[PDB]
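Position 1 is the first residue of the sequence, and the numbers go up from there. Start at 1 and go down the list; that is how both ligands and their atoms are numbered.
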Amino acid sequence: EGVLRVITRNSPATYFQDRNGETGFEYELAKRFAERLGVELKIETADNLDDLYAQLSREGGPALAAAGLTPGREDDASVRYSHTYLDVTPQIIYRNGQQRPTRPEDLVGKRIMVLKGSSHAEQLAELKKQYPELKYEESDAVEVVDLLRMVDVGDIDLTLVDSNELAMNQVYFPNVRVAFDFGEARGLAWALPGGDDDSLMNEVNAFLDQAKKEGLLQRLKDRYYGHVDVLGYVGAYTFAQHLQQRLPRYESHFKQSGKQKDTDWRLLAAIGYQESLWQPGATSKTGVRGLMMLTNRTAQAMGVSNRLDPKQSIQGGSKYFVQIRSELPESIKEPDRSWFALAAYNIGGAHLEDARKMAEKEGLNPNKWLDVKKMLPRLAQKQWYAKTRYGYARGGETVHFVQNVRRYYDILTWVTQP
Ligand SMILES: C[C@H](NC(=O)[C@@H](C)O)C(=O)N[C@H](CCC(=O)NC(CCCC[NH3+])C(=O)N[C@H](C)C(N)=O)C(=O)O
C-alpha cells in the first residue's frame, strides 16, 4: 500500500529534472512529506491545469496535487485545499520600453496571454465584466516561463502571474517588469479531491504546519527565489587580473590533471573559472562547493574527500568533465565533442540527448554543436519540451555556460602562446 502519487506541473517553480535527477520546490516538499509517511513518492505530471484537476477527481487518481495552486471556493467540497505554505501576489507584467500600465483599465487594447484553466484567467474573466473591451488569450501549450519569455522578446505586451514565478525567473528575462500587484496576497496550497475520509488531509496539514516553524518552508523559499544558476561573463578587465591574482595558486593542479587525463589544461581552468572564479571556498544554496563546484555525490563518486581542497576539487571536476566527454556517442567528433561535453556537464546528458533527437527531427545535424545549441533553448518552451522524454530544462543557460567557458578558454589559449 506504500506509494504516494502526487500530480504536478513540469515547470521550474514546481517539478523538473536537472543533471542530478528530480528537483523543484514542490518536488522536495512532496518528498520530505512522503518520507514523513514512510512511502515511495511517485510524481505524475499533468498536461495543463484543466487536466491536473481532471486527473485529481477521477477515480482512482492521485492522492494530491502540489503545483503552486491558489485555493478555490471553500463551499465547493469537490476539491479541498490544505493549509497554505507560501504567500504570493498576482502581478501584471509588461516589457521595458513600453507604456507601463498603471491600473486594470490600461490592459484594454494590449495583447495579453495567460495559462488556460488558471486562477489568473479567472481574474481577467472577472475584470472583463467590468470592462468588456478587455481581450486576452488562453493557452494549454504554455507554462509561466513561456509567458515571461513572450513578454521579454515582445511577442505579447502583458501577462499575469504569481510573484514567486517572477522571483524565480526574473533574472533570466531582463526586459520584464512589474506593472502593478493585481489582487490581494494569498497563500498557495495543495489540492486533494473531496472528501469523505480525512486521513490524508489531516496528515498533510500536520506536516505543513510542522514545516513552518522549523524553517523548512523558508529554507526552500530561499534556495529557489532569485537564484542566478550560471554566472555572467566577467569581462576582460576582471579576468585580466584574476589571471594575475588567482590562477598562479592553481595552475600547477590544472596542469597535473591535464597530464593525468590527457587533455588541455586550459579548458579545465576555464571551467574552474566559470564555476568559481577560481575560489576554492565558493558555495551555493544549491549544494555545490569548491573550485569546480561539485555536489557531495559527484565529489564522492570522483574520489574527492574534501571539496574545499583546491587540488582535489580540480582533480575531481576534471575527471567528471573528461568522463562525460568520453561517454558521448562516438559520432560526435572533436572539437564539437568537447563542447557537447560542456553542455552535458551543465544540463546533464539526458536533456542533451533530447536536444540531439530534436535537432535530427528538425533536419539538422545532431553531431554538430552549432546545430544542437539552437535546440537547447527550446527545452524551456512547453510546446517543445512536452514532446521530449525529460521535459523542461533551462537550455538557454546551458548555451550561456558553454559560450562563457569557450571565451575564457580562448583568452587562456592566447596568453599561453606560442
Ligand atoms: C513555490 C513554487 N515556486 C517557487 O518559485 C518558489 C521558489 O517559491 C510554486 O509553488 N509556484 C507556482 C508557480 C506557477 C503558477 O503561476 N501556477 C498557476 C497557473 C499560472 C497562471 C498564470 N497565467 C497558479 O497560480 N494557480 C493555479 C491556476 C490555480 N489557482 O489552480 C505558483 O506560484 O503558482
Side-chain angles (χ1 to χ4, degrees), residues 6-16 23-30 45-57 64-73 76 78-82 84-93 107 112-127 136-151 156 158-172 176 182-183 185-192 208 211-212 216-229 285-286 382 392 394:
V6 173
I7 192 166
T8 191
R9 290 181 296 130
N10 184 206
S11 85
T14 56
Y15 165 80
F16 67 102
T23 187
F25 190 108
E26 296 290 2
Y27 171 79
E28 287 198 41
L29 199 59
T45 87
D47 302 321
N48 48 72
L49 293 165
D50 285 336
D51 179 63
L52 180 143
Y53 283 105
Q55 288 317 312
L56 190 68
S57 286
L64 63 84
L69 302 172
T70 301
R73 302 203 55 78
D76 188 17
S78 302
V79 182
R80 63 224 258 223
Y81 293 78
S82 75
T84 70
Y85 53 87
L86 180 75
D87 270 71
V88 299
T89 305
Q91 302 176 295
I92 299 298
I93 307 304
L107 317 172
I112 301 161
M113 204 221 249
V114 295
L115 277 70
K116 171 147 235 302
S118 74
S119 131
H120 299 89
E122 310 256 35
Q123 289 180 268
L124 298 176
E126 269 298 314
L127 196 65
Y136 61 92
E137 304 181 40
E138 286 175 77
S139 183
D140 290 332
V142 295
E143 251 297 340
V144 174
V145 182
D146 289 295
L147 304 174
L148 299 174
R149 166 179 57 80
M150 283 167 37
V151 172
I156 76 197
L158 304 181
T159 188
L160 175 54
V161 303
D162 285 337
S163 55
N164 62 317
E165 272 287 5
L166 206 80
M168 187 110 307
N169 294 302
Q170 255 266 27
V171 52
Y172 309 105
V176 312
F182 174 42
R186 80 290 299 279
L188 299 175
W190 293 353
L192 292 60
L208 295 167
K212 152 205 61 163
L216 179 47
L217 290 171
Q218 183 72 40
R219 225 181 307 308
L220 295 151
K221 195 197 156 160
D222 285 332
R223 165 156 181 178
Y224 296 96
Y225 266 46
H227 182 67
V228 187
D229 185 354
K285 53 205 168 184
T286 65
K382 196 177 153 184
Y392 166 83
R394 183 94 67 185

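Short contacts between ligand 1 and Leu160, defined as distances under 4.0 Å to a heavy atom of the residue, involve ligand atoms 22 (C), 23 (N). Applying the 4.0 Å criterion to heavy atoms of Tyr53 picks out, from ligand 1, the atoms 29 (C), 31 (O). Residue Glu26 approaches ligand 1 through these ligand atoms, each under 4.0 Å from one of its heavy atoms: 10 (O). Of all the atoms in ligand 1, the ones that sit under 4.0 Å from a non-hydrogen atom of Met168 are 5 (O), 7 (C). Using a 4.0 Å cut-off to heavy atoms of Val144, the atoms of ligand 1 that qualify are 14 (C), 15 (C), 16 (O), 20 (C). Atoms of ligand 1 lying under 4.0 Å from at least one heavy atom of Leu86, given by number and element, are 1 (C), 8 (O). Of all atoms in ligand 1, numbered sequentially from 1 with element shown, those under 4.0 Å from a heavy atom of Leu147 are 23 (N). Residue-ligand proximity, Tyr225 to ligand 1, at heavy-atom distances under 4.0 Å covers atoms 6 (C), 7 (C), 8 (O).
In terms of protein heavy atoms, atom 13 (C) of ligand 1 is closest to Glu165 OE2, 2.7 Å. Protein heavy atom in closest approach to atom 11 (N) of ligand 1: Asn164 ND2, 2.9 Å. Protein heavy atom at the shortest distance from atom 21 (C) of ligand 1 is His120 ND1, 3.0 Å. Scanning the protein heavy atoms around atom 25 (O) of ligand 1, the nearest turns out to be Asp162 OD2, 2.7 Å. Scanning the protein for heavy atoms near atom 26 (N) of ligand 1, the closest one is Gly68 O, 3.7 Å. In this structure, the protein non-hydrogen atom closest to atom 17 (N) of ligand 1 is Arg9 NH2, 3.2 Å. Counting only heavy atoms of the protein, atom 27 (C) of ligand 1 lies nearest to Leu69 CD2, 3.7 Å. Scanning the protein heavy atoms around atom 6 (C) of ligand 1, the nearest turns out to be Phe25 CD1, 3.5 Å.
Taking the six-membered ring where the residue is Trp, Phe16 and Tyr392 present perpendicular rings, their angle passing 60° and hence far from 30°.
Defined by atom type and a distance below 3.5 Å, a donor-acceptor pair is missing between the side-chain atoms of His227 and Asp222.
We find that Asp87 and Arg186 are not joined by a salt bridge, their nearest charged nitrogen and carboxylate oxygen being 4.0 Å or further apart. Note on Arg9 versus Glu26: no salt bridge recorded, every NZ/NE/NH1/NH2 to OD/OE distance being 4.0 Å or above.
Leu115 CG to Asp146 CG: the interatomic distance, rounded to the nearest 0.5 Å, is 8.5 Å. We find the NZ-OG distance between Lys382 and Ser11 to be 9.5 Å, quoted to the nearest 0.5 Å. Here the straight-line distance linking atom OH of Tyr81 with atom OG1 of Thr70 works out to 8.0 Å at 0.5 Å rounding. To the nearest 0.5 Å, atom NE2 of residue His120 and atom CZ of residue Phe182 are 10.0 Å apart. Interatomic distance, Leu52 CG to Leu69 CG, rounded to the nearest 0.5 Å: 6.0 Å. Here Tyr85 contributes atom OH and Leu216 contributes atom CG; the two are 12.5 Å apart, rounded to the nearest 0.5 Å.
If you check each of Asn48, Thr14, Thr70, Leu166 against atom 29 (C) of ligand 1, the one with the closest non-hydrogen atom is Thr70.
In terms of N/O distances under 3.5 Å, ligand 1 is not approached by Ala67. At a 3.5 angstrom cut-off on N or O pairs, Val161 does not count as close to ligand 1.
When non-hydrogen atoms are compared, ligand 1 lies under 4.0 Å from neither the backbone nor the side chain of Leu220. Of the heavy atoms in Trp190, none comes closer than 4.0 Å to ligand 1. Looking at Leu49 against ligand 1, only its side chain comes within 4.0 Å, counting heavy atoms.
The two residues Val151 and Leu158 come nearest to each other via the heavy atoms CG2-C, 4.1 Å. Nearest approach of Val114 to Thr159, heavy atoms of both residues: CG1-OG1, 4.3 Å.
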| task | Start with the C-alpha gap between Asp50 and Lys116, add the side-chain angles, then the distance that decides, and say whether salt bridge (charged side-chain N to carboxylate O under 4.0 Å, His left out) holds. | result | CA-CA 8 Å; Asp50 285 336; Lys116 171 147 235 302; 3.8 Å; yes
